[PDB]
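Participant: Take a look at the following structure, please.
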Amino acid sequence: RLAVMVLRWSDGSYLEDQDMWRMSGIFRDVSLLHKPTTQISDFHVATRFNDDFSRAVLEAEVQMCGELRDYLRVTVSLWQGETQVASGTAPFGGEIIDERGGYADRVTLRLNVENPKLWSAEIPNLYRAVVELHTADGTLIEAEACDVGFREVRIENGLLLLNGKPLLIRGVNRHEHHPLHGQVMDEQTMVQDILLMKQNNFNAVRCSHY
Amino acid sequence: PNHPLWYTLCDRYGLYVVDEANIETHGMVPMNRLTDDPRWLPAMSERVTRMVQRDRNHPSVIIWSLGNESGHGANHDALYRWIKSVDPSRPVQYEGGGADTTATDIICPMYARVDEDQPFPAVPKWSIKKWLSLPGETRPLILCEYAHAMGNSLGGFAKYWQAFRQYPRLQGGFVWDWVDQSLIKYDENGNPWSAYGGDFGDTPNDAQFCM
Ligand SMILES: CC(C)S[C@@H]1O[C@H](CO)[C@H](O)[C@H](O)[C@H]1O
Ligand SMILES: CC(C)S[C@@H]1O[C@H](CO)[C@H](O)[C@H](O)[C@H]1O
Ligand SMILES: [Mg+2]
Ligand SMILES: [Mg+2]
Ligand code: NA
Ligand code: NA
């Protein structure tokens, strides 16, 4: 049995004065997650490109919790549909960062990707990255994953560029609001909004204000 | 360069002066055919250097100009640097080649409009408000020529001043121009009349465009 005492007002309320209905309660999902003792505790995916974006390097930093063992390995594989495009495997032990060494509980995988299909609102090309924590012999301990979009965002010479091109933001601010359920969101309503947005030529949304 | 007394009067009566080298090759095709030719650097150099040596002590002169309508040539960059080196007390400006080349400290377009762009190939005349904020641009903008006062004109003059007052980096301009270049001719009875291009048998000519 779980017991949850939810307070409507708290010192946190001083930082939540957004122009919207003030409500309270357990308004988002609640779930139970089972992770092995030796686990992937965090992972970051980055994508760098050459000058014309015809080449890319996917860099994935992975962190683990649990006992460090020489037999532990992490394999990051990148997929485009059912086709594996790249893969990298390595034992834990990051490079030296300071006088006391490096992160023995971390490892960074770097995968080369030639002529990557670029992600944008115009064409949301996506790859799938699978992060496998396993033994050298190939026994899977656990796997996490995420959708990967190859794109570079940067401000150069006063212009906001996406994959080297200046964007024109056709955006709209969107609160999480439902006339019957309040601030509880559901997939159906989210999809409805996105479809309507794109159908009305919007290519960007701001998470006003959280 | 003007008659020497002009600077004396401007020093004493109080007027800011843009002293300009006697260099204009408007009729060439392309306009910079001579100014980008090293064979003409010597001739151009004297028109710039000798002007500076003559008028550098006049307080009324606040800006040096490399000349007018001669496109943008390597000779302009060389002479631009010469002035910056010998007299760092005065900014250097030049409109040729697009009004914002490497040979000018001031964006000094001629007849660039307030809100309307004129996207001419190679040498566009952007709306002055838009010109100031083009990626990487940080220079002040002062029109070397604007509001062409030919005959019944100056329509829209107020639009320029409203913009000048609203935009810090829009710092004015020089109206074109002060006085009609008409000449006196006389009829059979000796009565004078104002004449323009072509009235002296001169041809080809560009008629009333001198007024
Ligand atoms: C009418 C388009 C903006 S829809 C657009 O076309 C793209 C290909 O050009 C991709 O198929 C995108 O997934 C699709 O949403
Ligand atoms: C006639 C245009 C093509 S050029 C235009 O002619 C004007 C005539 O008053 C002035 O001389 C301007 O300075 C010149 O750029
Ligand atoms: Mg507010
Ligand atoms: Mg290549
Ligand atoms: Na101004
Ligand atoms: Na004229």
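Lettering and numbering for the structure tokens are positional, with chains as A, B, ... in the shown order, residues counted from 1 in each chain, and ligands counted from 1 in the shown order.
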Going by DSSP on the backbone, which bits of region 26-204 of chain B are strand (DSSP E)? Write them as a ChimeraX atom specification, please.
Facilitator: /B:61-65,92-93,141-146,170-175,183-186,192-195
Participant: Neighbouring residues of ligand 1 are defined here as those with any atom at most 6 Å from a ligand atom, counting only C-alpha atoms and all ligand atoms; list them as JSON, numbers by chain.
Facilitator: {"A": [122, 123, 124]}
Participant: Counting only C-alpha atoms, which residue out of A:157, A:201, A:183, A:189 sits closest to chain B?
Facilitator: A:157
Participant: Residues contacting ligand 2 - anything with an atom at most 8 Å away, using only C-alpha atoms and all ligand atoms - can you give me those as an mmCIF file with N, CA, C and O atoms, in the first residue's frame?
Facilitator:
data_model
loop_
_atom_site.group_PDB
_atom_site.id
_atom_site.type_symbol
_atom_site.label_atom_id
_atom_site.label_comp_id
_atom_site.auth_asym_id
_atom_site.auth_seq_id
_atom_site.Cartn_x
_atom_site.Cartn_y
_atom_site.Cartn_z
ATOM 1 N N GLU B 69 31.090 57.306 -57.393
ATOM 2 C CA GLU B 69 30.709 56.438 -58.498
ATOM 3 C C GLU B 69 31.848 55.951 -59.390
ATOM 4 O O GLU B 69 31.954 56.324 -60.560
ATOM 5 N N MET B 110 23.440 55.601 -51.721
ATOM 6 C CA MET B 110 22.797 56.735 -52.363
ATOM 7 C C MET B 110 21.416 56.273 -52.828
ATOM 8 O O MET B 110 21.288 55.284 -53.545
ATOM 9 N N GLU B 145 23.815 60.392 -50.477
ATOM 10 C CA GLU B 145 22.859 61.084 -51.352
ATOM 11 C C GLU B 145 21.470 60.486 -51.125
ATOM 12 O O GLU B 145 21.327 59.263 -51.014
ATOM 13 N N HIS B 148 16.287 62.945 -53.937
ATOM 14 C CA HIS B 148 16.677 63.624 -55.174
ATOM 15 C C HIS B 148 15.663 64.738 -55.474
ATOM 16 O O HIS B 148 14.543 64.476 -55.907
ATOM 17 N N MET B 150 14.838 66.901 -57.796
ATOM 18 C CA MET B 150 14.714 67.334 -59.185
ATOM 19 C C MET B 150 13.306 67.839 -59.491
ATOM 20 O O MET B 150 12.341 67.078 -59.439
ATOM 21 N N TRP B 176 20.334 65.398 -52.187
ATOM 22 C CA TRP B 176 20.882 65.700 -53.505
ATOM 23 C C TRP B 176 19.885 66.526 -54.309
ATOM 24 O O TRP B 176 18.850 66.010 -54.714
ATOM 25 N N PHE B 209 18.456 66.891 -66.279
ATOM 26 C CA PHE B 209 19.009 66.181 -65.135
ATOM 27 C C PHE B 209 20.116 66.921 -64.398
ATOM 28 O O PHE B 209 20.627 66.431 -63.397
ATOM 29 N N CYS B 210 20.481 68.106 -64.879
ATOM 30 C CA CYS B 210 21.511 68.894 -64.210
ATOM 31 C C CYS B 210 20.863 69.808 -63.164
ATOM 32 O O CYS B 210 21.548 70.486 -62.406
ATOM 33 N N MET B 211 19.534 69.817 -63.125
ATOM 34 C CA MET B 211 18.804 70.641 -62.165
ATOM 35 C C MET B 211 18.125 69.752 -61.114
ATOM 36 O O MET B 211 17.022 69.246 -61.345
#
Participant: To one decimal in Å, tell me the separation between CA of residue 163 (chain A) and CA of residue 109 (chain A).
Facilitator: 22.9 Å
Participant: Would you list the residues that come within 10 Å of ligand 4? Count only C-alpha atoms and all ligand atoms and give the answer as a list in words.
Facilitator: residues 50, 51, 52, 53, 54, 55, 114 and 115 of chain A
Participant: Just the residues within 7 Å of residue 123 (chain B), please, counting only C-alpha atoms, with nothing from its chain fewer than 3 positions along; format it as a VMD selection string.
Facilitator: chain B and resid 97 to 98 120
Participant: Write out, as an mmCIF file, in the first residue's frame, the residues just selected, with N, CA, C and O atoms.
Facilitator:
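Saved as result.cif:
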data_model
loop_
_atom_site.group_PDB
_atom_site.id
_atom_site.type_symbol
_atom_site.label_atom_id
_atom_site.label_comp_id
_atom_site.auth_asym_id
_atom_site.auth_seq_id
_atom_site.Cartn_x
_atom_site.Cartn_y
_atom_site.Cartn_z
ATOM 1 N N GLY B 97 30.570 50.427 -55.279
ATOM 2 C CA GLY B 97 30.585 48.992 -55.073
ATOM 3 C C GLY B 97 29.592 48.436 -54.073
ATOM 4 O O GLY B 97 29.792 47.342 -53.556
ATOM 5 N N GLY B 98 28.530 49.171 -53.771
ATOM 6 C CA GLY B 98 27.557 48.620 -52.843
ATOM 7 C C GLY B 98 27.369 49.341 -51.528
ATOM 8 O O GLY B 98 26.603 48.872 -50.684
ATOM 9 N N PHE B 120 19.153 44.999 -56.304
ATOM 10 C CA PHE B 120 19.925 45.003 -57.541
ATOM 11 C C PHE B 120 21.022 43.947 -57.448
ATOM 12 O O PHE B 120 21.631 43.765 -56.399
#
Participant: When the cut-off is 9 Å and we count only C-alpha atoms, which residues of chain A are near chain B, given as number ranges by chain?
Facilitator: A: 156-159
Participant: Store the residues picked out above in a file with N, CA and C atoms, as a CSV table (one decimal), in the first residue's frame.
Facilitator:
chain,number,residue,atom,x,y,z
A,156,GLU,N,25.1,31.5,-35.6
A,156,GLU,CA,26.3,32.0,-36.2
A,156,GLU,C,26.1,33.3,-37.0
A,157,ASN,N,26.9,34.3,-36.7
A,157,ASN,CA,26.8,35.6,-37.3
A,157,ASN,C,25.4,36.2,-37.1
A,158,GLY,N,24.8,36.0,-36.0
A,158,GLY,CA,23.5,36.6,-35.6
A,158,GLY,C,22.3,35.8,-36.1
A,159,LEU,N,22.5,34.6,-36.7
A,159,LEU,CA,21.4,33.8,-37.2
A,159,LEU,C,21.3,32.5,-36.5
Participant: Using only C-alpha atoms and all ligand atoms, determine which residues fall within 8 Å of ligand 5, then list them as a list in words.
Facilitator: residues 163, 164, 165, 166, 167, 168, 169, 170, 171 and 172 of chain B
Participant: Would you list the contacts of residue 77 (chain A) as a ChimeraX atom specification, taking every protein, DNA or RNA residue within 12 Å and counting only C-alpha atoms, but skipping same-chain residues closer than 2 positions in sequence?
Facilitator: /A:45,58-60,74-75,79-80,82-90,109-113,127-133,143-148
Participant: Residues of the last selection are to be written out with N, CA and C atoms, as a short mmCIF file (atom, residue, chain, number, x, y, z; two decimals), in the first residue's frame.
Facilitator:
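For reference, out02.cif as written:
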data_model
loop_
_atom_site.label_atom_id
_atom_site.label_comp_id
_atom_site.auth_asym_id
_atom_site.auth_seq_id
_atom_site.Cartn_x
_atom_site.Cartn_y
_atom_site.Cartn_z
N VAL A 45 23.26 11.38 -25.80
CA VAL A 45 23.58 11.20 -27.21
C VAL A 45 23.85 12.56 -27.85
N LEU A 58 28.29 10.09 -34.06
CA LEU A 58 27.35 10.01 -32.95
C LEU A 58 28.19 9.61 -31.74
N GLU A 59 28.11 10.43 -30.70
CA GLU A 59 28.86 10.19 -29.49
C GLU A 59 27.88 9.92 -28.36
N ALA A 60 28.00 8.76 -27.72
CA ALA A 60 27.10 8.41 -26.63
C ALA A 60 27.86 8.12 -25.34
N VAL A 74 29.52 -2.07 -22.98
CA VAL A 74 28.37 -1.31 -23.43
C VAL A 74 28.47 -1.29 -24.93
N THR A 75 27.35 -1.59 -25.59
CA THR A 75 27.30 -1.58 -27.04
C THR A 75 26.19 -0.62 -27.42
N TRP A 79 20.21 2.23 -35.55
CA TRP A 79 19.38 1.62 -36.58
C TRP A 79 18.51 2.58 -37.38
N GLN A 80 18.34 2.25 -38.65
CA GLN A 80 17.49 3.01 -39.56
C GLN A 80 16.53 1.93 -40.06
N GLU A 82 15.00 -1.61 -39.92
CA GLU A 82 15.53 -2.87 -39.41
C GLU A 82 16.98 -3.05 -39.85
N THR A 83 17.57 -1.99 -40.38
CA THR A 83 18.95 -2.02 -40.85
C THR A 83 19.88 -1.37 -39.84
N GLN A 84 20.86 -2.13 -39.35
CA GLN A 84 21.82 -1.55 -38.41
C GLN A 84 22.82 -0.78 -39.25
N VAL A 85 23.01 0.50 -38.94
CA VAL A 85 23.94 1.32 -39.71
C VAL A 85 25.30 1.48 -39.06
N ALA A 86 25.36 1.39 -37.74
CA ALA A 86 26.63 1.52 -37.03
C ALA A 86 26.54 0.91 -35.64
N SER A 87 27.69 0.56 -35.09
CA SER A 87 27.73 -0.05 -33.77
C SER A 87 29.11 0.10 -33.14
N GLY A 88 29.12 0.25 -31.82
CA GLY A 88 30.37 0.40 -31.09
C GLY A 88 30.26 -0.32 -29.76
N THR A 89 31.34 -0.99 -29.37
CA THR A 89 31.38 -1.72 -28.11
C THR A 89 32.64 -1.34 -27.35
N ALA A 90 32.53 -1.26 -26.03
CA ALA A 90 33.68 -0.90 -25.23
C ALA A 90 33.46 -1.19 -23.76
N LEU A 109 30.94 6.00 -26.38
CA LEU A 109 31.00 5.29 -27.65
C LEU A 109 30.91 6.31 -28.78
N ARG A 110 31.70 6.11 -29.83
CA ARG A 110 31.67 7.03 -30.96
C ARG A 110 31.45 6.24 -32.24
N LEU A 111 30.35 6.53 -32.91
CA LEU A 111 29.99 5.84 -34.14
C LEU A 111 30.02 6.78 -35.35
N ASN A 112 30.64 6.33 -36.43
CA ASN A 112 30.70 7.13 -37.65
C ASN A 112 29.46 6.87 -38.49
N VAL A 113 28.90 7.93 -39.04
CA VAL A 113 27.72 7.81 -39.88
C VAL A 113 27.90 8.65 -41.13
N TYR A 127 16.62 7.90 -36.32
CA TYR A 127 17.33 6.64 -36.22
C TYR A 127 16.97 6.13 -34.83
N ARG A 128 17.30 4.88 -34.54
CA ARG A 128 17.02 4.32 -33.23
C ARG A 128 18.34 3.90 -32.60
N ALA A 129 18.61 4.41 -31.40
CA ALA A 129 19.85 4.06 -30.71
C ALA A 129 19.52 3.10 -29.59
N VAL A 130 20.18 1.95 -29.59
CA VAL A 130 19.97 0.96 -28.54
C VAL A 130 21.24 0.87 -27.70
N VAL A 131 21.10 1.09 -26.40
CA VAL A 131 22.23 1.03 -25.48
C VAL A 131 22.16 -0.27 -24.70
N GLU A 132 23.08 -1.18 -24.98
CA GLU A 132 23.12 -2.47 -24.31
C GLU A 132 24.22 -2.60 -23.28
N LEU A 133 23.84 -2.96 -22.05
CA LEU A 133 24.81 -3.18 -20.98
C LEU A 133 24.91 -4.70 -20.96
N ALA A 143 18.86 -3.13 -21.44
CA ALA A 143 19.02 -2.24 -22.58
C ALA A 143 18.07 -1.06 -22.48
N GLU A 144 18.57 0.11 -22.84
CA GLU A 144 17.76 1.32 -22.86
C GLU A 144 17.87 1.76 -24.31
N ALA A 145 17.05 2.72 -24.72
CA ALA A 145 17.07 3.18 -26.10
C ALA A 145 16.37 4.53 -26.25
N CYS A 146 16.53 5.13 -27.42
CA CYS A 146 15.88 6.41 -27.70
C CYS A 146 15.90 6.69 -29.19
N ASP A 147 15.03 7.59 -29.63
CA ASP A 147 15.00 7.96 -31.04
C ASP A 147 16.09 9.01 -31.21
N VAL A 148 16.85 8.91 -32.29
CA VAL A 148 17.93 9.86 -32.54
C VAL A 148 17.67 10.67 -33.80
#
